[PDB]
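Data first, discussion second: the structure below is written as structure tokens.
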Amino acid sequence: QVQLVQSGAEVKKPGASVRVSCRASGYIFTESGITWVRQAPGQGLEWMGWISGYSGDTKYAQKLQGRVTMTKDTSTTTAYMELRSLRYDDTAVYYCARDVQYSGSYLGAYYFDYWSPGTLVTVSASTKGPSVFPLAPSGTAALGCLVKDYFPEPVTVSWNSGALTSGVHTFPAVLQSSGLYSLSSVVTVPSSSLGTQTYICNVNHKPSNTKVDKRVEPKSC
Amino acid sequence: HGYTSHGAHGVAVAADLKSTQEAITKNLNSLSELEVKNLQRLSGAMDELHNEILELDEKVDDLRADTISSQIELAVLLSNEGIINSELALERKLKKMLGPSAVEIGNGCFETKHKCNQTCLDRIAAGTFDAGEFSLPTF
Amino acid sequence: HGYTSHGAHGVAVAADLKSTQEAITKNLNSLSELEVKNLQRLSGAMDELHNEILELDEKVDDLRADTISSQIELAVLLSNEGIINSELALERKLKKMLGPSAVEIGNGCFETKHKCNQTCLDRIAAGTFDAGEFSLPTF
Amino acid sequence: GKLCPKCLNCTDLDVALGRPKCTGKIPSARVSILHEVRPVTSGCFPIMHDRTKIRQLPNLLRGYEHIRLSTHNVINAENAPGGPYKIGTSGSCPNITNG
Amino acid sequence: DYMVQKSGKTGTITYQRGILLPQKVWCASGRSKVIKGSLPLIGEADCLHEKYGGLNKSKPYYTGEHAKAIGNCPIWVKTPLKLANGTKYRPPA
Amino acid sequence: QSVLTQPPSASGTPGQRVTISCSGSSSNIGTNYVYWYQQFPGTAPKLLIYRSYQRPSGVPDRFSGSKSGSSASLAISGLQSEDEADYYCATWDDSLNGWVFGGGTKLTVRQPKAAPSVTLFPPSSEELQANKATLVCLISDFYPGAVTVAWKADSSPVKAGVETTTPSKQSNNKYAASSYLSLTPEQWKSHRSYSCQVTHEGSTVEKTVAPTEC
Ligand SMILES: *[C@@H]1O[C@H](CO)[C@@H](O[C@@H]2O[C@H](CO)[C@@H](O)[C@H](O)[C@H]2NC(C)=O)[C@H](O)[C@H]1NC(C)=O
Ligand SMILES: *[C@@H]1O[C@H](CO)[C@@H](O[C@@H]2O[C@H](CO)[C@@H](O)[C@H](O)[C@H]2NC(C)=O)[C@H](O)[C@H]1NC(C)=O
Ligand SMILES: *[C@@H]1O[C@H](CO)[C@@H](O[C@@H]2O[C@H](CO)[C@@H](O)[C@H](O)[C@H]2NC(C)=O)[C@H](O)[C@H]1NC(C)=O
């Protein structure tokens with residue numbers, strides 16, 4: 001059975017480097033190659049490069065020449081990918097894949113077959129509570145809570161300490177390129193309910209013991 | 001390719017099989033049996049050491065491909081010329097079985113003194129037409 | 001190229017423009033669009049050091065020029081053959097508008113039952129000649 | 001393709017240089033494919049490759065239809081000129097046994 | 001380093017301390033027609049093209065990138081060529 | 001910006017035949033073999049079609065590969081629930097000297113198609129006092145779950161400081177997602193208006209804010 005097994009998940013500060021391992025099983029390693037492909041979270045596939053299990057010959061993607069190095073070890077039938085000078089764009093899942101080609105110029109006349117499970121590399125966050133900002137209402141009316149810049153997940157949002165539930169939507173977090181999360185929560189309310197009724201979002205971020213009751217009130221000019 | 005009959009009997013149409021059978025495939029086989037030597041890397045070459053020799057190799061390859069290409073193009077051009085110019089013989093075969101009972105129009109047509117229906121035309125297509133039946137001078 | 005009229009009306013002369021227009025220039029353009037690779041000194045050569053390689057270079061150059069020359073000569077020869085053999089079609093166009101009112105002489109001439117003056121001939125040159133005017137069988 | 005297949009974890013240069021455990025039948029062909037433009041060793045003792053033409057040796061052998069390592073020896077090393085020689089060996093070059 | 005010795009001829013080496021004297025030696029004859037490919041070799045082909053790899057012979061000639069090729073091959077041509085199967089274009093009347 | 005162009009979304013009722021196109025150029029699809037990969041969420045992609053037309057073992061004849069000039073296409077016939085995934089085309093590109101991937105098409109086969117609700121929040125007064133500004137664009141109630149988001153400063157595109165989440169299956173098996181546009185108060189003040197436009201099934205829903213209005 002053709003197997004590929006990678007090293008564990010990694011987390012790194014920007015500027016450092018990662019070495020990801022790829023051990024091979026169930027085929028003649030010295031007559032195949034390895035490619036590497038990476039996938040930014042929620043994005044497409046980016047080819048990185050290939051290395052021969054027969055000769056150690058390599059070819060890297062133009063965008064990654066300089067920063068990447070691939071090596072391999074016939075003894076342990078293992079391949080390694082090194083990525084230097086990590087930036088936030090290098091946060092991705094790193095796959096290795098068995099590539100049928102092992103000598104001659106690498107020119108895409110062959111293809112890669114089986115993909116390994118994937119190793120995630122995260123390029124610095126250190127537990128911060130969120131900043132909570134009101135999203136003021138403009139007959140339905142929308143009002144919300146912006147929960148900015150926290151780590152790690154998850155925060156919790158209720159409205160009016162749980163007594164407001166009809167119309168509440170809390171959206172999943174977005175992960176900025178800064179490694180920090182933000183989410184939002186909206187209630188749709190009667191537009192006549194403004195002015196007489198109060199609205200408070202309750203934000204609970206347990207990992208930082210942050211608890212915030214934010215009053216969302218109509219804007220004046 | 002074939003022959004057509006006109007008149008108050010309607011319009012008759014027939015085909016000639018020998019013309020069709022004669023009609024290109026043989027020509028193609030002739031083109032397809034062309035054979036030429038291989039052009040591979042020379043064996044004492046050595047990329048690192050002798051580049052100049054190697055550059056000359058490249059030169060001889062390119063030159064070969066070019067020349068041989070020109071030759072082929074010619075063979076084809078000639079062949080097509082033949083195929084298109086040949087397209088007038090049926091005329092001569094038809095003229096053969098009449099007698100001077102018809103005049104050469106030059107339109108690829110003749111004017112026969114009698115009338116010719118479908119059964120009459122199939123007999124000319126088969127080449128079995130000789131008219132003493134419509135009694136007119138025989139070749 | 002053109003057509004001539006004889007008789008007791010004198011001798012009429014006319015010209016055909018389509019024949020003239022058809023008449024070589026296109027052929028020439030076809031010859032003139034031929035393109036061939038350059039043949040310059042090879043860059044790792046070195047006159048002092050590698051003469052032998054160099055002698056072979058010379059060889060490949062000379063051989064090229066020769067072959068390509070032969071090819072060209074052929075193209076021209078063929079082309080000229082066409083130009084000269086083509087020089088008989090006007091005959092067929094004239095035969096077209098008569099009827100069997102004239103006999104094929106084979107001299108490139110016909111004998112018409114009527115007389116043809118200059119104005120009559122310009123109409124054949126223009127291709128507008130159809131005679132029911134001189135009333136004789138029409139094609 | 002490969003100088004000798006069945007000499008596993010061996011490159012053609014390896015087979016050419018006669019690296020221990022890379023030896024085998026190098027069969028014959030009327031056609032060969034040149035896969036390594038700058039061929040490599042996969043082990044034994046460190047070579048300074050680039051200071052001689054040695055790298056092309058496999059591609060040279062490749063050019064021929066028939067190839068074969070020899071038998072015996074083209075010269076007795078121990079009796080060579082310059083005084084009796086012991087013959088040196090090094091780890092990094094293990095043999096059928098090891099050592 | 002290696003040194004080739006012609007058919008029959010002997011050879012010479014001069015040395016000081018640290019010499020590796022040759023022992024076993026390559027013996028070669030015949031000639032193989034070499035092309036620039038990249039393993040693995042998969043399946044069969046009529047033709048092996050240095051640019052295109054495996055190839056099967058379809059039409060007599062081909063257009064494209066030209067390079068060294070061995071086996072039963074189509075011939076390289078400057079332009080895609082057509083043999084005429086038909087008649088000259090005639091406007092209706 | 002992907003070299004190969006794949007529609008973000010493809011769909012069909014179960015049993016139907018849907019196609020996914022993949023649009024390239026001479027250097028890639030025109031001169032090279034096409035490959036197709038299928039990915040279920042949080043798994044490795046798997047080879048589905050190889051050398052433009054072939055099927056690996058395991059892959060049913062329901063999947064079919066096509067190629068014409070600089071464009072290839074994946075056809076999925078007899079559409080079934082387990083074909084819900086992302087489909088990626090890949091070919092070598094001789095111009096960029098490396099493999100290239102299409103953006104990936106999400107295949108949705110159990111609900112009527114619904115357009116997205118969009119609501120756009122300007123920065124709060126509170127946030128602007130902290131010298132920050134964020135535009136919040138919330139997208140909800142769309143199916144199937146694939147949208148693209150574009151932002152505008154007045155009427156010219158903005159790409160910097162944009163963070164969109166992958167869409168998330170929500171309370172009713174419809175989909176929702178969010179997008180943020182981070183600005184300096186400086187920037188926010190300098191424009192007449194800002195826009196969040198959400199494209200879904202070849203149809204755009206737009207929402208606009210103006211710094212001056214309340
Ligand atoms: C493989 O290597 C071993 C040593 O690692 C070789 O054994 C030596 O043999 C020589 C004579 O051939 C003796 O002088 C040494 O003392 C041996 N070494 C030891 C420590 O035993 C062995 O010959 C090699 N195998 C072959 C067949 O070449
Ligand atoms: C060239 O032609 C032959 C046609 O048979 C192909 O060889 C066959 O490939 C198929 C698999 O695709 C096998 O089922 C046959 O057994 C093969 N025959 C042999 C003897 O190998 C070959 O793949 C073709 N090459 C191409 C299309 O480039
Ligand atoms: C050239 O064209 C002719 C038709 O103009 C082709 O003849 C046809 O052949 C097919 C089978 O190959 C028949 O089904 C048709 O009935 C034929 N047409 C007629 C009217 O005869 C011919 O095959 C072509 N030549 C080649 C070699 O491609």
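Naming scheme: A, B, ... for chains in displayed order of the structure tokens; residues 1 onward per chain; ligands 1 onward as shown.
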
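Residues lying within 10 Å of residue 121 in chain C, counting only C-alpha atoms and ignoring same-chain neighbours fewer than 4 positions away, are residues 3, 4, 5, 12, 13, 14, 15, 116, 117, 125, 126, 127, 128 and 129 of chain C.
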
**Request:** Compute the set of protein, DNA and RNA residues whose minimum atom distance to ligand 1 is at most 8 Å, using only C-alpha atoms and all ligand atoms, and state it as a ChimeraX atom specification.
**Result:** /D:91,94-99

Taking only C-alpha atoms into account, report as a ChimeraX atom specification which residues of chain F lie within 12 Å of chain E.
/F:31-33

Please, which residues in chain A fall within 8 Å of chain D when counting only C-alpha atoms, and what is the closest atom pair and distance in Å to one decimal for each, ordered by chain then residue number, as JSON lines?
```
{"residue": "A:30", "atom": "CA", "partner": "D:9", "partner_atom": "CA", "distance": 6.1}
{"residue": "A:54", "atom": "CA", "partner": "D:11", "partner_atom": "CA", "distance": 6.9}
{"residue": "A:55", "atom": "CA", "partner": "D:40", "partner_atom": "CA", "distance": 6.4}
{"residue": "A:74", "atom": "CA", "partner": "D:9", "partner_atom": "CA", "distance": 6.8}
{"residue": "A:103", "atom": "CA", "partner": "D:35", "partner_atom": "CA", "distance": 5.0}
{"residue": "A:104", "atom": "CA", "partner": "D:35", "partner_atom": "CA", "distance": 4.1}
{"residue": "A:105", "atom": "CA", "partner": "D:35", "partner_atom": "CA", "distance": 7.6}
```

Using N, CA and C atoms, can you write the selected residues to a file as a PDB file, in the first residue's frame?
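selection-v3.pdb, written as the output of this step:
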```pdb
ATOM      1  N   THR A  30      13.262   4.977  -4.929  1.00  0.00           N
ATOM      2  CA  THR A  30      14.356   5.404  -5.797  1.00  0.00           C
ATOM      3  C   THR A  30      13.960   5.414  -7.275  1.00  0.00           C
ATOM      4  N   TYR A  54      15.642   9.384  -7.183  1.00  0.00           N
ATOM      5  CA  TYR A  54      16.753   8.700  -7.807  1.00  0.00           C
ATOM      6  C   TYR A  54      18.068   9.522  -7.770  1.00  0.00           C
ATOM      7  N   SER A  55      17.977  10.845  -7.926  1.00  0.00           N
ATOM      8  CA  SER A  55      19.186  11.644  -8.108  1.00  0.00           C
ATOM      9  C   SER A  55      19.287  12.880  -7.217  1.00  0.00           C
ATOM     10  N   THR A  74      17.540   8.483   0.707  1.00  0.00           N
ATOM     11  CA  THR A  74      17.274   7.114   0.245  1.00  0.00           C
ATOM     12  C   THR A  74      17.183   6.070   1.372  1.00  0.00           C
ATOM     13  N   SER A 103      13.849  10.981 -13.459  1.00  0.00           N
ATOM     14  CA  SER A 103      15.035  11.538 -14.121  1.00  0.00           C
ATOM     15  C   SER A 103      14.642  12.137 -15.472  1.00  0.00           C
ATOM     16  N   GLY A 104      15.609  12.809 -16.098  1.00  0.00           N
ATOM     17  CA  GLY A 104      15.345  13.717 -17.202  1.00  0.00           C
ATOM     18  C   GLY A 104      14.923  15.073 -16.659  1.00  0.00           C
ATOM     19  N   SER A 105      14.964  16.098 -17.512  1.00  0.00           N
ATOM     20  CA  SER A 105      14.343  17.391 -17.196  1.00  0.00           C
ATOM     21  C   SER A 105      12.906  17.214 -16.710  1.00  0.00           C
TER      22      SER A 105
END
```

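What separates CA of residue 70 in chain F from CA of residue 61 in chain A is a distance of 22.0 Å.
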
Hey, which residues come within 6 Å of ligand 2 if we count only C-alpha atoms and all ligand atoms? Could you give them as a PyMOL selection string?
chain E and resi 43-45+54-56

Next, dump the selected residues to file, keeping only N, CA and C atoms, as a tab-separated table (two decimals), in the first residue's frame.
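Written output follows (selection-v5.tsv):
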```tsv
chain	number	residue	atom	x	y	z
E	43	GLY	N	4.89	1.94	-20.97
E	43	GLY	CA	4.21	1.39	-22.13
E	43	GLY	C	5.07	1.28	-23.37
E	44	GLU	N	4.40	1.19	-24.53
E	44	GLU	CA	5.08	1.17	-25.82
E	44	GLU	C	4.70	2.38	-26.65
E	45	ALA	N	5.61	2.78	-27.52
E	45	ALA	CA	5.32	3.79	-28.52
E	45	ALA	C	5.97	3.36	-29.83
E	54	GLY	N	6.84	9.64	-25.78
E	54	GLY	CA	6.18	8.63	-26.58
E	54	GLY	C	5.26	9.18	-27.65
E	55	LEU	N	5.22	8.48	-28.78
E	55	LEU	CA	4.46	8.95	-29.92
E	55	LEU	C	3.99	7.74	-30.72
E	56	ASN	N	2.79	7.79	-31.29
E	56	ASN	CA	2.35	6.73	-32.20
E	56	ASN	C	2.17	7.29	-33.61
```

Near chain A, meaning an atom within 6 Å, which residues of chain F appear when counting only C-alpha atoms? Write them as a ChimeraX atom specification. /F:44,92,98-99,103,124,165-166

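Here CA of residue 15 in chain D stands at a distance of 26.0 Å from CA of residue 80 in chain A.
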
Considering only C-alpha atoms, return as number ranges by chain whatever protein or nucleic-acid residues lie within 12 Å of residue 54 in chain F, sequence-local ones (same chain, fewer than 6 positions apart) excluded.
F: 33-36, 47-48, 60-61, 63-67, 74

Next item on the list: Go through the chains and note each residue within 12 Å of ligand 3, using only C-alpha atoms and all ligand atoms, then give the set as a PyMOL selection string.
Entry: (chain B and resi 1-2+15-17+19-29+83) or (chain E and resi 82-87)

Write out as a PDB file with N, CA, C and O atoms, in the first residue's frame each polymer residue whose atoms come within 12 Å of residue 128 in chain F, counting only C-alpha atoms; drop sequence neighbours fewer than 3 positions from it.
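Dumped everything to around-v2.pdb:
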```
ATOM      1  N   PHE A 133     -16.856  46.623  19.355  1.00  0.00           N
ATOM      2  CA  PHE A 133     -17.425  47.871  18.876  1.00  0.00           C
ATOM      3  C   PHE A 133     -18.887  47.670  18.461  1.00  0.00           C
ATOM      4  O   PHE A 133     -19.250  46.644  17.912  1.00  0.00           O
ATOM      5  N   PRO A 134     -19.736  48.642  18.762  1.00  0.00           N
ATOM      6  CA  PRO A 134     -21.142  48.543  18.367  1.00  0.00           C
ATOM      7  C   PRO A 134     -21.340  48.821  16.878  1.00  0.00           C
ATOM      8  O   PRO A 134     -20.638  49.650  16.307  1.00  0.00           O
TER       9      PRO A 134
ATOM     10  N   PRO F 122     -20.821  50.521   8.433  1.00  0.00           N
ATOM     11  CA  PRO F 122     -19.682  51.435   8.420  1.00  0.00           C
ATOM     12  C   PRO F 122     -18.971  51.264   9.759  1.00  0.00           C
ATOM     13  O   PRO F 122     -19.536  50.577  10.622  1.00  0.00           O
ATOM     14  N   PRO F 123     -17.759  51.850   9.929  1.00  0.00           N
ATOM     15  CA  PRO F 123     -17.106  51.798  11.244  1.00  0.00           C
ATOM     16  C   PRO F 123     -17.947  52.535  12.291  1.00  0.00           C
ATOM     17  O   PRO F 123     -18.612  53.512  11.974  1.00  0.00           O
ATOM     18  N   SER F 124     -17.931  52.046  13.519  1.00  0.00           N
ATOM     19  CA  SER F 124     -18.578  52.736  14.629  1.00  0.00           C
ATOM     20  C   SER F 124     -17.821  54.010  14.998  1.00  0.00           C
ATOM     21  O   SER F 124     -16.631  54.146  14.720  1.00  0.00           O
ATOM     22  N   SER F 125     -18.519  54.934  15.638  1.00  0.00           N
ATOM     23  CA  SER F 125     -17.884  56.109  16.192  1.00  0.00           C
ATOM     24  C   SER F 125     -16.843  55.664  17.212  1.00  0.00           C
ATOM     25  O   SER F 125     -15.758  56.231  17.284  1.00  0.00           O
ATOM     26  N   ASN F 131      -8.959  55.317  16.573  1.00  0.00           N
ATOM     27  CA  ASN F 131      -8.166  55.522  15.372  1.00  0.00           C
ATOM     28  C   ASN F 131      -8.159  54.326  14.415  1.00  0.00           C
ATOM     29  O   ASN F 131      -7.211  54.125  13.656  1.00  0.00           O
ATOM     30  N   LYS F 132      -9.225  53.538  14.443  1.00  0.00           N
ATOM     31  CA  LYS F 132      -9.342  52.380  13.567  1.00  0.00           C
ATOM     32  C   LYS F 132     -10.594  52.522  12.714  1.00  0.00           C
ATOM     33  O   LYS F 132     -11.467  53.326  13.018  1.00  0.00           O
ATOM     34  N   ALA F 133     -10.688  51.748  11.642  1.00  0.00           N
ATOM     35  CA  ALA F 133     -11.922  51.712  10.870  1.00  0.00           C
ATOM     36  C   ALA F 133     -12.085  50.372  10.164  1.00  0.00           C
ATOM     37  O   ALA F 133     -11.175  49.893   9.487  1.00  0.00           O
ATOM     38  N   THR F 134     -13.254  49.766  10.329  1.00  0.00           N
ATOM     39  CA  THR F 134     -13.542  48.514   9.653  1.00  0.00           C
ATOM     40  C   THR F 134     -14.924  48.582   9.022  1.00  0.00           C
ATOM     41  O   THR F 134     -15.882  49.049   9.646  1.00  0.00           O
ATOM     42  N   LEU F 135     -15.007  48.157   7.766  1.00  0.00           N
ATOM     43  CA  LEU F 135     -16.280  48.014   7.082  1.00  0.00           C
ATOM     44  C   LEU F 135     -16.693  46.574   7.212  1.00  0.00           C
ATOM     45  O   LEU F 135     -15.905  45.677   6.930  1.00  0.00           O
ATOM     46  N   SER F 182     -10.442  46.760   6.127  1.00  0.00           N
ATOM     47  CA  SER F 182      -9.755  47.566   7.128  1.00  0.00           C
ATOM     48  C   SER F 182      -9.208  48.850   6.533  1.00  0.00           C
ATOM     49  O   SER F 182      -8.544  48.846   5.502  1.00  0.00           O
ATOM     50  N   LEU F 183      -9.495  49.959   7.192  1.00  0.00           N
ATOM     51  CA  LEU F 183      -9.119  51.264   6.679  1.00  0.00           C
ATOM     52  C   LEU F 183      -8.533  52.105   7.787  1.00  0.00           C
ATOM     53  O   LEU F 183      -8.760  51.847   8.968  1.00  0.00           O
ATOM     54  N   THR F 184      -7.781  53.121   7.399  1.00  0.00           N
ATOM     55  CA  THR F 184      -7.425  54.173   8.325  1.00  0.00           C
ATOM     56  C   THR F 184      -8.589  55.162   8.268  1.00  0.00           C
ATOM     57  O   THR F 184      -9.297  55.232   7.255  1.00  0.00           O
ATOM     58  N   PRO F 185      -8.837  55.889   9.367  1.00  0.00           N
ATOM     59  CA  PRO F 185      -9.889  56.914   9.339  1.00  0.00           C
ATOM     60  C   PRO F 185      -9.630  57.919   8.215  1.00  0.00           C
ATOM     61  O   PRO F 185     -10.568  58.432   7.592  1.00  0.00           O
ATOM     62  N   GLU F 186      -8.348  58.167   7.959  1.00  0.00           N
ATOM     63  CA  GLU F 186      -7.879  58.991   6.857  1.00  0.00           C
ATOM     64  C   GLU F 186      -8.522  58.545   5.546  1.00  0.00           C
ATOM     65  O   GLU F 186      -9.135  59.346   4.839  1.00  0.00           O
ATOM     66  N   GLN F 187      -8.378  57.261   5.227  1.00  0.00           N
ATOM     67  CA  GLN F 187      -8.936  56.704   3.993  1.00  0.00           C
ATOM     68  C   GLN F 187     -10.458  56.817   3.965  1.00  0.00           C
ATOM     69  O   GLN F 187     -11.037  57.363   3.020  1.00  0.00           O
ATOM     70  N   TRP F 188     -11.080  56.304   5.020  1.00  0.00           N
ATOM     71  CA  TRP F 188     -12.525  56.342   5.190  1.00  0.00           C
ATOM     72  C   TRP F 188     -13.106  57.742   4.920  1.00  0.00           C
ATOM     73  O   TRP F 188     -14.087  57.886   4.190  1.00  0.00           O
ATOM     74  N   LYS F 189     -12.481  58.772   5.480  1.00  0.00           N
ATOM     75  CA  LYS F 189     -12.960  60.138   5.267  1.00  0.00           C
ATOM     76  C   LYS F 189     -12.799  60.668   3.836  1.00  0.00           C
ATOM     77  O   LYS F 189     -13.537  61.565   3.436  1.00  0.00           O
ATOM     78  N   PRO F 211     -19.495  57.929   4.197  1.00  0.00           N
ATOM     79  CA  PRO F 211     -18.926  58.500   5.429  1.00  0.00           C
ATOM     80  C   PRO F 211     -19.745  59.659   6.000  1.00  0.00           C
ATOM     81  O   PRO F 211     -19.857  59.788   7.220  1.00  0.00           O
TER      82      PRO F 211
END
```

Please, which residues of chain B lie no more than 6 Å from chain E when the count uses only C-alpha atoms, and can they be set out as number ranges by chain? B: 32, 38-41, 69, 80

### Residue hits in chain B, query chain D, radius 12 Å, only C-alpha atoms, as a PyMOL selection string
chain B and resi 38+40-50

Where does chain D meet chain E within 7 Å, residue by residue, with the nearest atom pair and distance in Å to one decimal for each, counting only C-alpha atoms, listed by chain and rising number, as CSV?
```
residue,atom,partner,partner_atom,distance
D:29,CA,E:32,CA,6.1
D:30,CA,E:32,CA,4.4
D:31,CA,E:33,CA,4.6
D:32,CA,E:34,CA,4.7
D:33,CA,E:35,CA,5.1
D:34,CA,E:36,CA,4.9
D:35,CA,E:38,CA,5.0
D:52,CA,E:1,CA,5.8
D:53,CA,E:1,CA,6.3
D:54,CA,E:1,CA,5.0
D:63,CA,E:32,CA,5.3
D:64,CA,E:31,CA,4.1
D:65,CA,E:31,CA,4.4
D:66,CA,E:29,CA,5.2
D:67,CA,E:28,CA,4.6
D:68,CA,E:27,CA,5.2
D:69,CA,E:26,CA,4.8
D:70,CA,E:25,CA,5.3
D:71,CA,E:24,CA,6.6
D:72,CA,E:24,CA,6.4
D:73,CA,E:23,CA,4.5
D:74,CA,E:23,CA,5.4
D:75,CA,E:23,CA,6.1
D:77,CA,E:21,CA,6.3
```

Dump of C-alpha atoms for the selected residues, as a CSV table (one decimal), in the first residue's frame:
```csv
chain,number,residue,atom,x,y,z
D,29,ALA,CA,20.4,-2.1,-25.8
D,30,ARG,CA,20.2,-0.8,-29.3
D,31,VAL,CA,18.6,2.3,-27.8
D,32,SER,CA,19.4,4.1,-24.6
D,33,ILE,CA,17.9,7.0,-22.8
D,34,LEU,CA,19.9,9.7,-21.1
D,35,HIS,CA,18.1,10.8,-18.0
D,52,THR,CA,37.5,16.1,-13.7
D,53,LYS,CA,35.3,14.8,-16.4
D,54,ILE,CA,34.2,11.8,-14.3
D,63,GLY,CA,26.5,5.2,-25.8
D,64,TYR,CA,27.6,1.7,-26.4
D,65,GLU,CA,25.3,-1.3,-27.1
D,66,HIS,CA,27.4,-3.7,-25.1
D,67,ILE,CA,28.9,-3.0,-21.7
D,68,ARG,CA,30.6,-5.1,-19.0
D,69,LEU,CA,32.7,-4.6,-15.9
D,70,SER,CA,35.9,-6.7,-16.4
D,71,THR,CA,37.3,-9.7,-14.6
D,72,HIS,CA,40.4,-9.7,-12.6
D,73,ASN,CA,42.5,-6.5,-12.5
D,74,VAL,CA,44.4,-4.5,-14.9
D,75,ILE,CA,47.2,-4.2,-12.5
D,77,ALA,CA,48.3,-2.5,-6.7
```

*asked:* Set the cut-off to 8 Å and count only C-alpha atoms: what are the residues of chain B that reach chain C? Output as a ChimeraX atom specification.
replied: /B:51-53,55-56,60,63,67,70-71,103,105-107

Output file for the residues above (N, CA and C atoms, as a PDB file, in the first residue's frame):
```
ATOM      1  N   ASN B  51      31.212  21.640 -26.498  1.00  0.00           N
ATOM      2  CA  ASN B  51      29.983  22.338 -26.805  1.00  0.00           C
ATOM      3  C   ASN B  51      29.938  22.730 -28.247  1.00  0.00           C
ATOM      4  N   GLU B  52      31.107  23.045 -28.791  1.00  0.00           N
ATOM      5  CA  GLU B  52      31.223  23.626 -30.113  1.00  0.00           C
ATOM      6  C   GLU B  52      30.827  22.567 -31.109  1.00  0.00           C
ATOM      7  N   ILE B  53      31.399  21.386 -30.910  1.00  0.00           N
ATOM      8  CA  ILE B  53      31.059  20.229 -31.729  1.00  0.00           C
ATOM      9  C   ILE B  53      29.574  20.058 -31.678  1.00  0.00           C
ATOM     10  N   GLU B  55      27.250  22.197 -31.018  1.00  0.00           N
ATOM     11  CA  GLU B  55      26.513  23.299 -31.632  1.00  0.00           C
ATOM     12  C   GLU B  55      26.388  22.992 -33.087  1.00  0.00           C
ATOM     13  N   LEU B  56      27.485  22.475 -33.629  1.00  0.00           N
ATOM     14  CA  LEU B  56      27.494  22.017 -35.015  1.00  0.00           C
ATOM     15  C   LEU B  56      26.534  20.846 -35.232  1.00  0.00           C
ATOM     16  N   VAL B  60      23.457  20.672 -37.942  1.00  0.00           N
ATOM     17  CA  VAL B  60      23.208  19.636 -38.943  1.00  0.00           C
ATOM     18  C   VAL B  60      21.817  19.045 -38.840  1.00  0.00           C
ATOM     19  N   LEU B  63      19.328  21.899 -40.193  1.00  0.00           N
ATOM     20  CA  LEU B  63      19.460  21.892 -41.633  1.00  0.00           C
ATOM     21  C   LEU B  63      18.775  20.698 -42.314  1.00  0.00           C
ATOM     22  N   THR B  67      15.548  20.870 -45.019  1.00  0.00           N
ATOM     23  CA  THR B  67      15.664  20.416 -46.402  1.00  0.00           C
ATOM     24  C   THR B  67      14.598  19.391 -46.725  1.00  0.00           C
ATOM     25  N   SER B  70      11.147  20.767 -47.172  1.00  0.00           N
ATOM     26  CA  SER B  70      10.969  21.364 -48.498  1.00  0.00           C
ATOM     27  C   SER B  70      10.656  20.298 -49.543  1.00  0.00           C
ATOM     28  N   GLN B  71      11.449  19.234 -49.525  1.00  0.00           N
ATOM     29  CA  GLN B  71      11.264  18.139 -50.470  1.00  0.00           C
ATOM     30  C   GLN B  71       9.850  17.582 -50.416  1.00  0.00           C
ATOM     31  N   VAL B 103     -23.266  16.208 -82.047  1.00  0.00           N
ATOM     32  CA  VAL B 103     -22.236  17.207 -82.264  1.00  0.00           C
ATOM     33  C   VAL B 103     -21.553  17.529 -80.945  1.00  0.00           C
ATOM     34  N   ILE B 105     -20.512  19.888 -78.342  1.00  0.00           N
ATOM     35  CA  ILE B 105     -20.915  21.224 -77.927  1.00  0.00           C
ATOM     36  C   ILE B 105     -19.735  21.983 -77.321  1.00  0.00           C
ATOM     37  N   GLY B 106     -18.823  21.243 -76.698  1.00  0.00           N
ATOM     38  CA  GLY B 106     -17.689  21.836 -76.012  1.00  0.00           C
ATOM     39  C   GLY B 106     -18.045  22.143 -74.573  1.00  0.00           C
ATOM     40  N   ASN B 107     -19.337  22.071 -74.275  1.00  0.00           N
ATOM     41  CA  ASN B 107     -19.852  22.323 -72.939  1.00  0.00           C
ATOM     42  C   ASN B 107     -19.668  21.069 -72.103  1.00  0.00           C
TER      43      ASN B 107
END
```

Name the residues in contact with residue 86 in chain F at a cut-off of 8 Å, using only C-alpha atoms, excluding same-chain residues fewer than 4 positions from it; report them as JSON, numbers by chain. {"F": [38, 39, 40, 104, 105, 106, 107]}

query = What residues in chain F get the DSSP label strand (DSSP E or B)? Please answer as a PyMOL selection string.
reply = chain F and resi 4-5+9-11+18-23+35-39+46-50+54+63-68+71-76+85-93+98-102+105-108+114+117-121+133-143+148-153+156-158+162-164+168-169+175-183+194-199+204-209

How would you write, as JSON, numbers by chain, the set of residues in chain D that DSSP gives as alpha helix (DSSP H)? {"D": [12, 13, 14, 15, 16, 17, 57, 58, 59, 60, 61, 62]}
